[PDB]
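Right, one structure below, let's go through it.
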Amino acid sequence: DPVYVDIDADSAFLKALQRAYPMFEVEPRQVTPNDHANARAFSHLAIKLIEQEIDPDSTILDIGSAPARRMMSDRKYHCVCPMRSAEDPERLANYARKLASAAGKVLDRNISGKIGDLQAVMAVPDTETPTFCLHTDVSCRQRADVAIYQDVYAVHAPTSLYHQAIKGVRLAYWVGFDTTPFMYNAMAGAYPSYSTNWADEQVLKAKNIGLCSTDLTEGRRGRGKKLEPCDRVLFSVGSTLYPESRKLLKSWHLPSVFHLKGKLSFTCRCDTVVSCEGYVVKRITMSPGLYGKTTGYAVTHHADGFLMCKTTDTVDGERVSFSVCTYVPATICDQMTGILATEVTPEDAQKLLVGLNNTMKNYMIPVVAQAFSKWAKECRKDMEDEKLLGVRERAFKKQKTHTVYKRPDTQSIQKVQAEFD
Amino acid sequence: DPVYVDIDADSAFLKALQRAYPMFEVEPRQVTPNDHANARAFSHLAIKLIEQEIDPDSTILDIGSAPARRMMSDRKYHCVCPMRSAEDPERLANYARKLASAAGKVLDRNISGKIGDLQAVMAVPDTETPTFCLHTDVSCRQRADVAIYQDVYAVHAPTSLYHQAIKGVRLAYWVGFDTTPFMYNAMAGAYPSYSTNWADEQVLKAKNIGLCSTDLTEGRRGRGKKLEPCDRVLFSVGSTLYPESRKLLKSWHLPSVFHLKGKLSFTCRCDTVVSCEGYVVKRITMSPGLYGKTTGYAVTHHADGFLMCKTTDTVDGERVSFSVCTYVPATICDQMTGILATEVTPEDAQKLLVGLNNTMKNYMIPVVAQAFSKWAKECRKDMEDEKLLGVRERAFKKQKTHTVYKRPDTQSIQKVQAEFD
Amino acid sequence: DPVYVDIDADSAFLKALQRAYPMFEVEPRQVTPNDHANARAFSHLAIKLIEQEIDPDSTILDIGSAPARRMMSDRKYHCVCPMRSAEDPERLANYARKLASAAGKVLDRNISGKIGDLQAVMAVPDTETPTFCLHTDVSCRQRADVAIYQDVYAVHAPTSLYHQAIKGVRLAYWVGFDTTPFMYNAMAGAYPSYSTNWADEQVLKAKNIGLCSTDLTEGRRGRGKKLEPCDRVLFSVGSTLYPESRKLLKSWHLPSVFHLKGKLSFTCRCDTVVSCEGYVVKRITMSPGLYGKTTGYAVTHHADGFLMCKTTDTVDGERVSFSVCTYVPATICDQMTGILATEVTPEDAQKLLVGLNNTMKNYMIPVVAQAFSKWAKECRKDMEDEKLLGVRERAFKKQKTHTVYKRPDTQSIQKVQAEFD
Ligand SMILES: Nc1ncnc2c1ncn2[C@H]1[C@H](O)[C@H](O)[C@@H](CCO)[C@H]1F
Ligand SMILES: Nc1ncnc2c1ncn2[C@H]1[C@H](O)[C@H](O)[C@@H](CCO)[C@H]1F
Ligand SMILES: Nc1ncnc2c1ncn2[C@H]1[C@H](O)[C@H](O)[C@@H](CCO)[C@H]1F
Ligand SMILES: [Zn+2]
Ligand SMILES: [Zn+2]
Ligand SMILES: [Zn+2]
């Protein structure tokens, strides 16, 4: 009955897992000293929840899979395993090793069939076996009714979803990182509960962000003028590095209702079912035919505080300014309500935050204090420039905005595309 | 005997549930981590109350129903299920699945008849079966005596009620959100006990309201003049989005006595039986014949504090002012009586509110403090401009009103339409 | 033996109920969450007292009755049920259903006779059956000796009483609200122990009275001169609305002795037997013949404090002043004796009242404090303008009066009509 996860006994993330999954029993059982082990415990319970809420005796597609994970299970998967990354060959060899190491020791599974299918694929590399193939997502012809995505970021969501819509798939799941920081178009950020930092390529030589490296210098006295976000972004999960693109990340921020109308037509809905400090599980349902109208709005609910603030740093010796975003626990946000009524200095806020705090990591405190200090001043400036009801005075002047703060129990709303052809 | 609801064990809404339903035993039994789970516990007890106060062996219509909810019951429903929203095909598929999954396992119900009726409707899509149809509310011809509305907002109340009265229906129920904030014509608002925020479309790019998103900017130096509420409004319940219209929302704020006089004539009454921090249950009775006179007044009783105040914000860079409304618990209102005798500053009120408060959510405190501070000053200004009894001095000057505060144990009264033809 | 009433266990009105009815033992038994449930508990024991003090084997008329209340009793009633209100058909339908639901289950009653009488009335709608009719109070010809009025406000008392005087009735009862506030000609008022507020029609758009609604505004720079009470008044009991007229309310404030002399002559007396914070029971005795002389004075005894004060408010943007009346508990009045010796400001009075107070509802405190502060100043002004014994100095000047305060153990006396022809 209890589910064993690879976390230390006295870890504060266990209660977060409890609140996120209040239908399983969780017990810590540490084996290896993995430095990014919190993500595995979430993706570990996510698949169990999906299987516990899916109908039995159904065929399940798997886009970009590792077949060793789906070998000791009891459902009929079909693994789509192309060779496009440098880390695939050892995955295939590992699958082969564990297939050979249980030839007759385990018989409750379909090991013999899997071995035969793998040998058939090795023989002719164009066959479509029940449980394995060497195609991409838009070329596999194995018909099914369920599709699952796990840490898949390099596919374009509309085209991918449309290419399983025409194959009898009526339900899809997507587990991954929150897409919200890239809808706000920030330059760098962190997911401090999973030891993950991401940064744009043009700020890799900064000084005081979570992913950078600089040098010592004395200061020289010897065109650009445009410092704006670009497509290429670098992710660091623990010590593992992943390059990503902004367009494909943004393409998965789907509205509540949309239409896929090419040759065959479908009406699709997107809902968020599980959310934990950066990880989200999204369920998508599809049905043929053009049903009612679409608005084009995407909504995000905030259970914790979300901050995005301006900061000044030194990149390769040159002083510049750009935006950084982060997550803040709800308890600290609730306990900071009284102080933010007045105007406070960044160092006083820093001392107060250190006094209250460990609940949050210490390397993010100095920027949170500055964001709070700048927010409290803009609130006061808004309060002292009262206007009249229902009238605008006008060319009209615009004001400064250096902080965006989303408190818990609030919602963000953005305009996106809803008509895909 | 105890009713099991999907809420956490230590939830403060439980005692409010008892205060609202003092005829059932309530026990918390958490299953899923739903972020808007408080609505289900209210709509869950409401149906039991309706059934426990309705005569047995009666046929019940259901406008805009989900047949899966009324499958394991023991009363004769008739579900009107048109296909007008994108989420209807999944409801029909789920109904089919739960009908097929209990073919012979359960026999206490009318499962065989329901399956046969569904197959008959699938055969000819114009039939009128005892328990199911594919018609609109004004086109179904199944005669009955009771009608129920659940979270129905897109119908015009007089026409819908008139098309139900000519079919033998003498009693109707309506469960939903309070219509009072739209009678005051507010711009945005919240229902903080159910994690719901609503806003007008023209203020979606604000900064500090509960449903908005903005950007960072420096400030540019580069017609409108009319900022007034419009028809289209957006609702967010947890993370689910609903577009609504102001006219159809206001159409359900019915007076105590009204007349429906077309070809046949009816006299109708409207009464409120259950109210809980935003949810209301309304009972409507109808009788043939034009009986006595009508006044045209609608009355709302306040068990908790209601506030509507002016505020200044920045929308898309431009500084503007508009009105926001909210609900306040009764205990805080009672404990703030002494302080409001004198003139107080917003920050002192903020600190006092933080000291007393969690009972209320923290993101609404700063606007409540400002509303209280502005109300206390207008009271003092009224006290120092004493007039004479029974005489008006006159063109007459109007005064400023920036806050409307309805304390508990008070009533609001509005003028509405009472003659419908 | 115990009388079960629908109130919460820990309610302060219970001890007042015992103080008012020290011949019954009362136990609270909550079933429904009625928001105006206190008046039902008073009207419930009122009928018990009336029946326990009336001779057995007597016929009782019932003016404007609901026959469902008098169905499971053991005395011979005769219900006068005209069809003048929009809520009467539902009462008749409920009576029919309750008669049909006990055809043979209960036989201790006269159910068969009642059913037969109802069927006979439905057959010919001019018959006069022992227990039912479709006439008014001045058209029923069923002779009796006792009449009862319950929450009847739309009849003119002299004509009504005369039309049962000529029919052998020698004793009548009247249960309802206190008529005293309308003899003082106030503009608005409250009955805070029963969650009831009433207002004149010309002040429905005020701001801080208990029954009003206003809007937000900025203030414009753009005949009347007469703001006086009018006939039409609106009552709100919980959330139920009732319109009444001032004349018919005042007509029930009867003197201690009066004469009804038309064709036959009668001498009548009026006495108050039960009084509780706004609800009164009046007993009227009638006798043939013109007996001794009349004075024409009506007296009211105050067991609690009664206040009437001037106040300044804003109606539809215009600043005006008018009078408001209310009831105050005796304990607070007794504990305020020491403070009122000197001249006090409204702020100090408000703070003291909050300190002593919950015993009284918080929304009425600010006007009570102002009334006390204004009364204390007029007392001192009277004290410092001493006159000579038995001499008036005179045209004579009039002084200001802004507060009327009737302390407990005092009596009000008014001049009314006593000769009715
Ligand atoms: N067009 C594609 N169709 C299917 N799978 C694809 C595609 N491109 C890359 N992949 C896989 C890669 O081989 C990685 O292994 C997987 C990363 C998840 O862990 C996944 F991204
Ligand atoms: N004119 C209509 N007559 C009957 N039902 C209608 C109508 N319009 C929409 N609906 C239904 C929709 O299909 C949604 O499912 C229901 C929402 C409640 O949950 C309900 F609104
Ligand atoms: N002239 C009348 N003679 C007798 N009854 C009358 C008369 N006018 C109205 N009524 C009744 C109405 O029908 C309401 O039901 C009753 C309200 C008390 O609850 C009562 F007011
Ligand atoms: Zn394949
Ligand atoms: Zn139908
Ligand atoms: Zn009669």
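Numbering starts fresh at 1 for the residues of each chain in the structure tokens, the chains themselves are lettered A, B, ... in the order given, and ligands are numbered from 1 as they appear.
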*asked:* 9 Å from ligand 4 is the threshold here; counting only C-alpha atoms and all ligand atoms, which polymer residues fall inside it? Answer as a ChimeraX atom specification.
replied: /A:61,78-81,127-137,139-143
*Kindly work out which residues sit at most 10 Å from ligand 3, using only C-alpha atoms and all ligand atoms, and give the list as a ChimeraX atom specification.*
/C:62-66,79-89,91,134-140,149-156,160
Those selected residues, please, written with C-alpha atoms and delivered as a PDB file, in the first residue's frame.
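Now in selection.pdb:
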```pdb
ATOM      1  CA  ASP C  62     -60.113  33.089  12.442  1.00  0.00           C
ATOM      2  CA  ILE C  63     -59.674  36.213  10.316  1.00  0.00           C
ATOM      3  CA  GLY C  64     -57.243  35.766   7.429  1.00  0.00           C
ATOM      4  CA  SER C  65     -56.125  32.305   8.485  1.00  0.00           C
ATOM      5  CA  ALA C  66     -53.826  29.570   7.210  1.00  0.00           C
ATOM      6  CA  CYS C  79     -61.374  29.746   9.107  1.00  0.00           C
ATOM      7  CA  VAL C  80     -62.175  32.881   7.108  1.00  0.00           C
ATOM      8  CA  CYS C  81     -59.972  32.535   4.016  1.00  0.00           C
ATOM      9  CA  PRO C  82     -60.568  35.142   1.310  1.00  0.00           C
ATOM     10  CA  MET C  83     -58.439  35.194  -1.836  1.00  0.00           C
ATOM     11  CA  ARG C  84     -56.776  38.618  -1.805  1.00  0.00           C
ATOM     12  CA  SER C  85     -53.028  37.886  -1.552  1.00  0.00           C
ATOM     13  CA  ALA C  86     -50.709  36.245  -4.068  1.00  0.00           C
ATOM     14  CA  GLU C  87     -49.639  33.669  -1.446  1.00  0.00           C
ATOM     15  CA  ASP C  88     -53.148  32.278  -0.758  1.00  0.00           C
ATOM     16  CA  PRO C  89     -53.443  29.618  -3.527  1.00  0.00           C
ATOM     17  CA  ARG C  91     -51.850  27.900   1.309  1.00  0.00           C
ATOM     18  CA  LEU C 134     -64.561  32.186   1.078  1.00  0.00           C
ATOM     19  CA  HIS C 135     -65.723  35.517   2.513  1.00  0.00           C
ATOM     20  CA  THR C 136     -64.084  38.565   4.067  1.00  0.00           C
ATOM     21  CA  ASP C 137     -64.368  39.635   7.716  1.00  0.00           C
ATOM     22  CA  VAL C 138     -67.415  41.866   7.104  1.00  0.00           C
ATOM     23  CA  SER C 139     -69.296  39.318   4.966  1.00  0.00           C
ATOM     24  CA  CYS C 140     -69.029  36.037   6.901  1.00  0.00           C
ATOM     25  CA  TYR C 149     -56.279  38.117  14.756  1.00  0.00           C
ATOM     26  CA  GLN C 150     -52.761  36.991  13.829  1.00  0.00           C
ATOM     27  CA  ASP C 151     -50.459  39.368  11.919  1.00  0.00           C
ATOM     28  CA  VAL C 152     -53.463  41.203  10.453  1.00  0.00           C
ATOM     29  CA  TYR C 153     -52.683  44.791   9.453  1.00  0.00           C
ATOM     30  CA  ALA C 154     -54.916  45.662   6.475  1.00  0.00           C
ATOM     31  CA  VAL C 155     -58.277  45.960   8.281  1.00  0.00           C
ATOM     32  CA  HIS C 156     -59.764  49.017   9.980  1.00  0.00           C
ATOM     33  CA  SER C 160     -64.040  45.062  11.938  1.00  0.00           C
TER      34      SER C 160
END
```
_Neighbouring residues of region 307-324 of chain A were defined as those with any atom within 9 Å, considering only C-alpha atoms; residues of the same chain fewer than 3 positions away were excluded. Please report them as a VMD selection string._
(chain A and resid 181 184 to 190 202 to 209 214 to 215 217 219 to 220 227 to 228 327 to 328 367 to 368 370 to 371 374 402 to 407) or (chain B and resid 216)
*Could you please write out, as a ChimeraX atom specification, every residue of region 196-418 of chain B that DSSP assigns to strand (DSSP E or B)?*
/B:196-200,211,217,232-237,240-245,257-261,265-276,279-288,297-302,305-315,318-328,401,403-406,410-415
*Can you work out which one of B:93, B:183, B:54, B:107 has the shortest atom-to-atom distance to chain A, counting only C-alpha atoms?*
B:93
*Which one is closest to ligand 5: B:277, B:117, B:386, B:419? Count only C-alpha atoms and all ligand atoms.*
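Ranking B:277, B:117, B:386, B:419 by distance to ligand 5, first place goes to B:117.
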